[PDB]
Structure formats: structure tokens, C-alpha cells
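In this document, chain identifiers A, B, C, D, E, F and G correspond to the written order of the chains, with residue numbering beginning at 1 in each.
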Amino acid sequence: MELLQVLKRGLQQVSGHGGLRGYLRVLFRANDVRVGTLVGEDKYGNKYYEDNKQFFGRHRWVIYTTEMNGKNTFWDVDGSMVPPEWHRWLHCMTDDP
Amino acid sequence: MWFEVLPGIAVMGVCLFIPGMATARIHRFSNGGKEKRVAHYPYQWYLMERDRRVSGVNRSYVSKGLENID
Amino acid sequence: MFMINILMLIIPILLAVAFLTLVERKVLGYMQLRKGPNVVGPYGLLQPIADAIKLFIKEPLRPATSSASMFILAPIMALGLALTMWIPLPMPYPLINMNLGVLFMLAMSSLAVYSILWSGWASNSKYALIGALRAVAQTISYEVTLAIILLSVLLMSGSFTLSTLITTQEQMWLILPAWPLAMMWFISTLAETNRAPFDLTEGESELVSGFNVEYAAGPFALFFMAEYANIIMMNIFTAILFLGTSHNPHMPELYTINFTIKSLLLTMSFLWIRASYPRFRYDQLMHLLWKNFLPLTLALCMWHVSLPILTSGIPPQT
Amino acid sequence: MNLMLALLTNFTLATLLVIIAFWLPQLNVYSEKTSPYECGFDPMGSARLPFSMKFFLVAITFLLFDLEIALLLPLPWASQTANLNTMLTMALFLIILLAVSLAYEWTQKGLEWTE
Amino acid sequence: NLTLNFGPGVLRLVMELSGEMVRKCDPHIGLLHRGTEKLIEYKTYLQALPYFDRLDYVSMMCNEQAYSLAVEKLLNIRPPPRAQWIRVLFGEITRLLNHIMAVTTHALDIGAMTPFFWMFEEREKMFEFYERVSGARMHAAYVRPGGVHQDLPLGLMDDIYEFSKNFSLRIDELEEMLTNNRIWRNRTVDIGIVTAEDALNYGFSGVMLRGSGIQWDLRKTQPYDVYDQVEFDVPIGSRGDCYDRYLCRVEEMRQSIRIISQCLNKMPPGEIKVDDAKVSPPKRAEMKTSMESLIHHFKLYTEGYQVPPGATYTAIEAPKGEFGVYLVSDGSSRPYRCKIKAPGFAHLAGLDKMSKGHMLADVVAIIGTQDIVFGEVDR
Amino acid sequence: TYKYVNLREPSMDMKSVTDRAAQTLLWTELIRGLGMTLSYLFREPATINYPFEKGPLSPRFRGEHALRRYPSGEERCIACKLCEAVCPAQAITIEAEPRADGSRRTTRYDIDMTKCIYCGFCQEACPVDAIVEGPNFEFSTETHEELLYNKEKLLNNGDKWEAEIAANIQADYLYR
Amino acid sequence: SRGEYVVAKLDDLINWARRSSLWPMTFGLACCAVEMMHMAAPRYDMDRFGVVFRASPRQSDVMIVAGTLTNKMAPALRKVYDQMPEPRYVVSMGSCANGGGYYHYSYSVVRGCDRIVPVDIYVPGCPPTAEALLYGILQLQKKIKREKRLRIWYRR
């Protein structure tokens, strides 16, 4: 029965991203298909999530925007795209977004 | 997680299944839907050649039954 | 139609080798509390393709003072023989149905030692010649046991035909009456294919270099391809020999599915072992063969020559 | 013929993968490259590897053990004879002599790697 | 015979081989010689502190402690008790960092590659304790003559307790892979035997002494800081070989959890650097309101405190063995001479003797069992 | 106090001897080491998803340098050169002169980021919290010349990381 | 066709392979090498980006100079660099290999490995965090992705 529950989380992740297209978009951009709570969004398009069921280190992540200052960042993401005010939250230097 | 290793195994498993399936299917295609004849000893080869002379056509996998004896 | 059959053997073999590298890198990682390739393609399914293209558009550096003819011969012989050992395998129907299939496998396997010797001879390094003479000495030593263990099993099967091992094991696997041989056979295949803990030349990196450490680019990829094809081939041999599958002439696909599953579980046991044990010293793996395995294999060869006679269980010649 | 086709294809393909390996890429060679790897240092002598006697003994021992195996290969066929008492005696005689041969190299320090 | 050249820290072994055996082993060092002992003569005492994080770069805070004890001895001052308990706490978290590196790299050299990865997720968590007290994962520069730089942040001892409560199981998994493994015992038992009298005469220290049965540990014979207010046992070997020393290092990692368990419960309150503003800088909030505290902050960070003239050899039980500094002073703000006694320098000098009558594959096992880092051998 | 790691004598009763013979011939301890690597296969891996996840840091982290300002926009640095005197790697160069308004400010302020040992002594010595090490650790470059910062480069870092730098100082200045 | 289109797509393919299968050859020289090991440890797992843990000079594509380069060691480093098959990139890790670092003024230290070999990425720090080195490697992959080897050949 618990095994049957596993295959239901793996299905509701496809819906958690808005369907099959969104599921594939985040699979080919971030290599990860988890779904977490949305903490906020920044002026450049970055979206930040969290999931406290995950172990320390994987409990916060950012899905980078596809455009930033005129650069097509659909594939070319980079850790320096995180703005400072969110840079403190992502690196777990504070608990307050 | 550990099940993210299966997709690599599934691809590798299929690649090892194809050679055995293709050989099985190609043998039946070329021998009228039957197994290929195994002739490891001369007596088996003498019967295969005789089958080739009995079918009329030069195919040792064409079998003539009681209909051919009158 | 036969020429189509060859291409349905060679091409799927290489694809299996290319994706055995991914499976090895991910099974190793998860036993090490990490993931492995998951970026290049979904779950790293494109990682094998990236490596192959990378190696074949690199500079194929051949040393100036190297014997060019032998430098090229070694990788050709290694890969050529690797694919030749797949033609008689009954999966369940061989491409070439040999009456002496088992004996043909031994002969081609013993020829592969030349690729190791030519590679170390043609490089003019003497850092790679010592590794070659060490690898050559390890491979010839551990094929004495393979020839005797294989002979002992054929005394319950009755012939050299590989398709007959499917009939010997039509009621029961041979691993039950021959697990002493299976244990020594399994470790012998590790020592033949230079796998850990018997990998003193491929990647020892203990004040010792490999025999093909002078190769680069495409020529290196050919040594690697042959090495991994033989790994898969040796575990297919172990499945047919000791874990035989049942053959239904009307559903040959059932044999292939079950036969493939056992071959994968045996190939994943080469990755499992590499992650668990340290590597032997050179003298210690020589003492393992000459002082432990060979004395027991000779005793068990005497035992398996007289057991059929003393129980009235001699198999049929044909 | 089916066997000669299989061998020709196996070695023909392996040769194509070598020509495309030595011709497709873009080469650039000079003196420092195309030298023996060593370990980042210069060679310490213009002499080849000294001959080692112990490596020669393993090779010769394997050859003589290999030849004794050649006589053991037809045992599967030999168990079908009517002279089983004769056949079984010579089978064990050969394997025992192969053991006596090993028992000699062992007790004369032929299987040792310490100088 | 076959004179080969092995190597490319980085070592250059020039070994003479007669077959598999090793005839003479000649270590050529200096591939990582940087002139540290001459650069310290141009620095003040505070400016020379980061140089000691880079000698044995697996045991950073133990090297710092030895230098502070020497300067504190020539300064004739005493760090406060809370500083001392912090230094024992982080002196033993550092012993765990070194033994994991020393045991799993030793195993990595001889083919065992999996334990390296298990215990480097334990080093990674300990690096977060370094980062949370000093801001740097490796080269903290946190222990200074007079005490420590800053106090522990609130909520750090909880995470050291949570970590140390699971670390005994991690060792047990490591011992499952190695201790009873026949392949691992054949590589270590009766390899690199050293007699007690040879160990003493060759200048060995640490496990190289205790693997041979000598009962000597500076934490118990010449205690420093508060090592006489904590209880631990000293592992002792019997064979004197690589296997016994390997066990000695796995048992020390167990005795450090014992010591850490006590440093957490017995941590006292108070200041974390000596209340003497001519040696340790004042608090920043009094540097900005007191006239004297601005004068001393100015002088301590430009000229530095003056050490009275004298010379001292001060040694501690570093994870790799006795680590000491012979520090000469002429009365000024800069040391006149700083000889660094690196334990690996004496051990690597005994490689040739320990390798007598062994194969070439045992020389790798011998170098690992001495736990050689060429930051300190070459300085 | 001491303890013996390896001072044991195996028992020589036929029960124990047979146990060791079974171990030698049946590879029991080897097959017990396979179990430990099988269990790790079924544990969740410890890998984070970089660059979409970042390893935890702390307010005290020593990263890239930055010159700060007062809330009014005036520069905090008053060319005292304490940071230049204590830098153990001699990676700071400073020149100064009276400004047009008569204030004490710098004309040259260089940090050679390939000499710097990223030690923190410059932010300890500074009496006005002008030079700090922000939390940035992702500033690698394709040329050596790009890692030789001058005053213009350092003030841009301060004007770029002040939202985060000010917060980190707030969370740690009571420990200093 | 236009010819340019085919060359543009072939450039993408070969660039993709080269940046997706980087095999480094670590010259672990000093403390910076411990952080390089922590980039292979479970938390970061550079093997997942296609970066194998270790290789030999003949099968390596990128050299990571991580540590102080002494005068006694410089000739050894150059000979290993010359024997790497091309394309070959160099990553300089840490202050010691960048410009000499703490030992810049020493009599026995080479002031930056760039005096001996051409460098592609300079990773700052003493030592750089295992995340900084990972950021440096990913920056090198983008640099390979921008290469235009075949376009420039077509316009020769």
C-alpha cells in the first residue's frame, strides 16, 4: 500500500508544475522535478521555493529566470544571478526571506 | 534516489535483448516459420541435403508429407 | 539475411557497452552516498554519447619513438576479438551454431593477451612495459583455472556445445552441484578482465602505470570498448554455465528476457565488488592462483571425472 | 562462409574506427609532446628494462601447465568408452602428475616473488 | 638495478628495484618548500599566525594552538578558561578531521575507494563548525596567542552534540569495510615493523611510537590547556606494524568523541581572550568610546605586542605526532627565528629503513601509515 | 590510562577452528562487507543540486571584499592605513591626500586578490567598518588582470552588496 | 543550407561533447587540493556533471593547478602540460597558483602558474570553497560552449 503511495507522488509532480510541459521544462533546466512551497519572486524573474521535509541543504532552491538584463538564460544559468537580498536566504545565512 | 539508476539499466537491458530476439526471428523468417536445422554430425547433414532434393525447390526447410507418396 | 543478423549483434553490443559505463558510474555513486551523472540528459542518458564524441575528436597522440605498426595493431586486435566471442552464444539461438563453441571461446580469449603485450611493446616507455609483463603474467596464470573449471563442468554436460548447457540445466541449475567451481570460476573472470580487486594495471596508481597509459583519444576508446564488452560477455558465459535458463521453442523471447536479467545481475555484481574491497598486491594474487585455486581445482577435476562413473551418471555424447 | 563473413565484419569495423580516430581530429605535434610519459621528469638512464628471471618462470610454468591441459581436454569424450577402469586410471594419473609438478615448483621456491 | 622515478602534496621517490623488491628508497623533497621560516621573520606575531594553518593543512587548529602556547609562554600570560575549553573542543574536532583523511586516503591508495566518500560527508559537516566560528572552512586563524578571536555563536554546541551523537556509527561502518577484511589485513599486517628502540632513536612520535608499544602521549605526560581535566585512554599497539597503527587511529577517533562529550558539558562562562589589552585587542564597542582602547587597537594592529627576549621549544600532541616550534625572540614585535618541528619530517626520514625487504606496493602502504603531509615536511 | 587495540589470542578449540575454516573457504567476512555497500545503495544520497541549491554559510563568512559607505553616501574609509599595516600578505596599497572639501580620503586603494589569503585581519583592524569581506564567493575570472581590484571596483562591490553586508554585520557585531 | 548553418550546428555538437565530458587531471600540490577533494565528495559530486574524479595526462582534458608552484616543481608541471592531448584547458585554483599568494615574495615560489602555462579560469580564494571551484568549472564549460572553431575555418 505504501508502495502504491510512492507512484501517486510521482504522478502529482507532473500536475504540480502545470502539466507535462512544465514537468519537462523543469526536468531539462534544473535536473530536478520536486515541488515545494513558493516563498517569493524577485524583479528579475527568479522564483524561490522551500520544502522542510527535505534534509538540510536541499530545503531551499531557486528556479532561475529565462531572461536577465538582455541575456537569454533558458539554458545558461549561473549562481551570480541571485540578487543580494535573496542571496542571504538561499545560503541559509538567515531564516527570514 | 536509487531508482534513478534504473533508466540506465533499462536501456542496457534492451540492448542485450535485441541480439537474441533478432536471431530468433530471422531464423524463422528464413526457414518457413520453424527453427533452423542443427547439423553437428554428418548423418544430420545427409538428411538435410536429402530434404533439399525432395522438396523440388532447392530449400531444405520445405517438408513434403504423405501427400507426396502415392 | 545473415548479414543483417551480424549487425543486430555488433551494434546492440556496443550500445550496451556505452551504457554500461553510465550504469557503473551511477551504481558506484549510490554506494558512495552520491548520485553520479544526472545533468547530461535525463538521468545521464546522454553521458555515454558525450564521452564517445569527445574521445574521437581529440588528438590521437602516438609517441615519435613508438613502433607505429604495432601501436595500431593492439587496439584493432582487442576490439576485433571482443566482438568475435559473441557469435556462438546461445541467446537462445547462436548466430553461428558451433559444435565446439566452448573450445572456441577459450581460444579467442587466450589470443587477447597479445593486445596487452603489443601495447606495452610499441610504446617504448618501460613504465608501460613492466605493467604489460605484469598484466600478461596475471592473465595467462588465471586462464589455467578457467580451462580446468570449464572442463569439470563439461563432464556433467557431455560435450563442448554451448546449446547443450541449456539441456543439462533443464531440471536444475548447475550452481547446486558445482558451487565450489562457480566461486572459483567467478573470481577467475575478475582476474582475466583486470577488474578490481585484480586491477593492478588498469588503474592501480600505486607507483605503477598501466600498459595502455600511452594511448589517448580514439585509440584509447577502442581499448575501453573491448574491455567492457568482455565484461558483459564473461557474465553471459557465467549465466549459461551455472544459472541456465529454460528454453521454450514456441516462446524464445521468454528465454531472452530471463537470460538477460541474470546477465545484468551478474554484471552489476562486478560493480558491487569494485566498490567494496581493496586491491591485492601482485604477489598475493599470484599466490591466490598457484597456492589456493589451482590445488583445489585439480582436486575438484579429479572428483568430477569419477563422480559420473561412480553414480552411473555419465551424460550423452551428443 | 557465415563464419568468415562474421570475422571479416568484426575486424573490418574495428579498423574503420581507427582510421577515423587518426584522421578526423585536428593534430598538432612538437618535441615535448610525443615523448614517453615518465612521471613529469626526465629519463634517468638510456638503458632498457633489466631482464627479470621470475617473470620468465611464470611464463614457462604456464606453458607446461597449458600443455598438460591439452591432454585433459578430450576427457568429456573419453567417458563414453567401454574401458572405464582403464580410462579412469589414466585420467587421474595425468591430473596427479600435474599436481606433482605443482608440488615441486612450490617446495623449490618457484612460486615466490621475494629475492 | 632498476632505478625508477616515481611521483608526479607531491613527492619524488627515487627507488632502486631488484625485481619486485625495494633495495633503497630515496625521498626527494622540497617540491613544496616555500620559505615559511624566513617569511615569518618579516611579519609580526599576529601576521605569522595564518602561516601555521598552512603547514599541516588537515589539522589546522592544532598547529595554531602550538604557536599560541609558545608565544603565550614567552609573553608570560595565560588564556582564560573558556578559551582553553574551546581549544580542546576544536583541538579534538581537528583530530577527527585528520584521522578521517589519514585513514581513508590510506585506504584510497590501496584500492578501497568507498569509505573515502562516506567520511567526507562527515568532514564536510565539521567544516561548517570551522566556518561558523571563524568564517573560513579550513584556515580559520581562530586560535590566537591569548585565547580565541570570537566567542561561539549561539546554537553551535547543539549542532556539535547532534553531530557527535551519530559519529560512532559512522566509524563502525568504516570498521566493517576494513578491520576484518582479509585483503586489508594482507596489505597491512607485518608491513613496516618498527622496533621500540629504533622508533625512539629515529625521532618518531605519535602513533609511530605507540604502534610499537611505547606508552607516551603528550596530552597525558606534559598536559596543556585543560587536557588534565578530561578523561581518555591511550591506544597502544603490540606488533608495531601498519595494521596496529591503523587500529590506533580508529580508536583515537573513538576517544575524541569521549573528550568532545565532556568539553560540551564542562564549558564554563566568561571571556574568550586574555583581559590584558596590551596583548589581545579590545572589544570593538570600547575601541569606539575609550581613549586607551583606541590606542591599543591602533598599536596592536600596526606594530603589534612586544615579546620579551627568550627562546622556547613548545610541542603539542598534534594528530600526526609531536608538533613543536622553536621560537626565538629579541624583544621586538617580530620573531627573530621560528623553526617548525614537523613530525612528518622525521617519519619520512625512516621510510628507507621501514621499507627494507618489502615489495614496491608496500611502500605506498608505508607512506600512508606515517600520515605524511608535505606542507609540514617542506615548510 | 591505556588500552590494547590488538592484543588477543584466538581460541584453539575445534569449534572455533572450524569457524575460521568456514570463514577462509566460504568468504563470510567478504560477503559481510558487501552488505554495508548494499545498504548505502538504498540510502538517500547527500548531494545538493548546484547551482539551484547552495551549501549553507554563516554571517561570519569571509568572501569578496567591498568598501562601504555611511547612510548619507559618504565613504567610511578615512585613509588610516591600518588594514595595510596588518595585511599578512601585503595585498593592499593606499595613497591619500586632502580632498577638495578638505576631508581625509584615499586616492589609491588596491587589493591584489591573488596575493590576498582571505584572512579577515583587514576588517578586524578597520576602526570604522569601511573594508569588509562580503558573502560573495562566485567571482572567478578568465584573466589574471581582472583580479587586481582598484578603488572603483571595490566601491562597486559595496554599492552592490550593501543590502546583504549590512544584514550580516547586524547579526554578528555583538560577538565582536 | 547556406553552408554556415551546417557549420553552426556542428560547432554546437562538438562544443556540447567537450563541455559535457571534461576529465580533469588534478595537480594536488598544497592545501587547495583538499577542497578539490571536497568537490568530489557526496555533497557536490562533480562526477554528476560529467567530471570524472581523476585521470592520467594522456586521457585528461583540463589541468587544475591547485596549490603552490615551487621552482623545484615548475619543470615537472610544464612537461605534464605539454603531454596533454589537445584541446587542453588550464584552471588555476587558489591564491598560490594565481599570483603567489601568501608566499608571493618567497625565493622558492613561482609567482603564479601563468608564467609557466596558459590559464583559462582563475579561481580566487585561499582556499576557494568547493562551491567556488565548482562555479569555476561551470564557467569553463560556458567558455567552451562559446567556441567557434568551425565557423572561423569556414571563413578562411
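Everything that follows uses one rule, which is that contacts are C-beta pairs under 8 Å (C-beta built on N, C-alpha and C of every residue); 3 or more make two chains touch, one makes a residue touch a chain.
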Set of chains whose contacts include both subunit C and subunit A = F, G
Pick the pair with more C-beta contacts: D-E or C-G?
-> C-G
Reported most central chain by Cα centroids is G
Distance between the CA centroids of subunit E and subunit F (whole Å) is 20
What is the distance, in whole Å, between the centres of subunit D and subunit G, each centre taken as the mean of its C-alpha atoms?
-> 40
Whole-Å gap between the CA centroids of subunit C and subunit D = 15
What are the residue numbers in subunit A that touch two or more other chains?
-> 31, 57, 78-79
Which residues belonging to subunit E are in contact with no fewer than two other chains?
-> 6-8, 20, 50-51, 114, 117-118, 121, 139, 177, 181, 183, 359
At least two other chains touched by the same residue of subunit D: list those residues.
-> 26, 28, 33, 35, 37-41, 49, 52, 113-114
Okay, what are all the chain pairs that touch?
-> A-C, A-F, A-G, B-C, B-F, C-D, C-E, C-F, C-G, D-E, D-G, E-F, E-G, F-G
Residues of subunit F that touch subunit A when the two form their complex = 44, 46, 48-59, 61, 135-136, 138-139, 160-164, 167-168, 171
Which of the residues in subunit A end up touching subunit F in this complex?
-> 30-32, 55-58, 60-64, 77-80, 84-85, 87-88, 90-94
Which residues, counting only subunit E, touch subunit F once they are in their complex?
-> 43-44, 46-48, 50-51, 114, 118, 121, 128, 131-136, 139, 141, 149-151, 153, 173, 176-177, 180-183, 215, 231-239, 243-244, 247-248, 251, 281, 283-284, 287-288, 294, 297-298, 301-302
Touching subunit C in the complex: which residues of subunit G?
-> 13-14, 16-18, 20-21, 41-42, 45, 47-50, 54, 56, 58-59, 61, 83, 85-87
Any idea which subunit E residues touch subunit C in the complex?
-> 6, 13, 15, 20, 107, 109-114, 117-118, 121, 177, 181, 183-184, 186-187, 359-364
